[PDB]
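If you count the sequence shown from 1, you need to add 276 to reach the entry's author numbering. Idealized CB from N, CA, C, for every residue including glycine.
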Amino acid sequence: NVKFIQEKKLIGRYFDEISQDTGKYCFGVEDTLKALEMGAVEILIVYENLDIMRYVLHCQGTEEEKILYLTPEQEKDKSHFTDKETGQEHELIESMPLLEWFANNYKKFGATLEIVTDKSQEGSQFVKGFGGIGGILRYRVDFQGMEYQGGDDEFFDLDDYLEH
């Protein structure tokens, strides 16, 4: 099965290149997804046994749409579905198997949707270190997270370069 070897070279190439501080990789759904949207991803690392799914939460008010990943415990809590800035209960419109989704249109994003498992040692590095979703990029790209990213260098170590 290609799975065994696919997960070996792919997964390893993810955690190894990152070992070079090349920032040409990302882990998780949000990141792996965003990078796919960024077209920065060269290859996608998603496991067959992915417990992460995509659910869309919306309210009639259409003033606060929310779509994020939830694990067995997350969907159970349901607290995330609501917000203290709206105090309203969202309404799930649809539910789509993320992993299944990844292989559905990965061609559109231009990323190589490759499946892998935790059977191999490398696989654990992903699931245990991340969760079962990763994204390899072609080259260093600009990432956004906290406010004032363009300058404060939240994820950019280059901030020190500025000093000297």
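Original post:
For the 8 Å Cβ check, are there 3 or more pairs between the stretch 344 to 361 and the stretch 310 to 323?
Top reply: The way I'd put it, the stretch 344 to 361 doesn't touch the stretch 310 to 323; fewer than three beta-carbon pairs between them come closer than 8 Å.
**OP:** Measure how close the beta-carbons of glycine 411 and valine 317 come, nearest whole angstrom, since I'm counting them as under 8 Å.
**Re:** With a Cβ gap of about 5 Å, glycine 411 and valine 317 count as contacting.
**OP:** Work out the CA separation of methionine 329 and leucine 346 for me, nearest whole Å.
**Re:** Taking the straight line from one Cα to the other gives about 6 Å.
Original post:
Does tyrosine 345 get closer than 8 Å to chain B when you measure Cβ to Cβ?
Top reply: The question asks about chain B, but that chain is absent: this structure has only one protein chain.
Original post:
In chain order, which alpha helix (DSSP H) runs of at least 4 residues are fully inside the stretch 342 to 406?
Top reply: Whole alpha helix (DSSP H) segments, 4+ residues: 348 to 353, 374 to 385, 397 to 403.
**OP:** Kindly indicate the opening and closing residues of the alpha helix (DSSP H) around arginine 289.
**Re:** Looking at the DSSP string, the run of the alpha helix (DSSP H) that includes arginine 289 is 278 to 294.
Original post:
Which residue from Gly407, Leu438, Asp435 puts its Cα closest to that of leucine 326?
Top reply: Comparing Cα positions, the closest option is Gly407.
**OP:** Along the beta strand (DSSP E) that carries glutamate 318, what are the first and last residues, could you check?
**Re:** Counting along the chain, the beta strand (DSSP E) containing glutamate 318 begins and ends at 317 to 323.
Original post:
Does DSSP put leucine 413 in a helix, a strand or coil?
Top reply: Collapsing the DSSP output to three states places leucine 413 in a strand.
Original post:
Could you give the C-beta distance for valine 322 and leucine 375, rounded to a whole number, given that I count them as a contact under 8 Å?
Top reply: Taking 8 Å as the upper bound for CB-CB distance, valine 322 and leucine 375 are in contact here, some 6 Å apart.
Original post:
Which of helix, strand or coil does DSSP assign to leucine 309?
Top reply: Helix.
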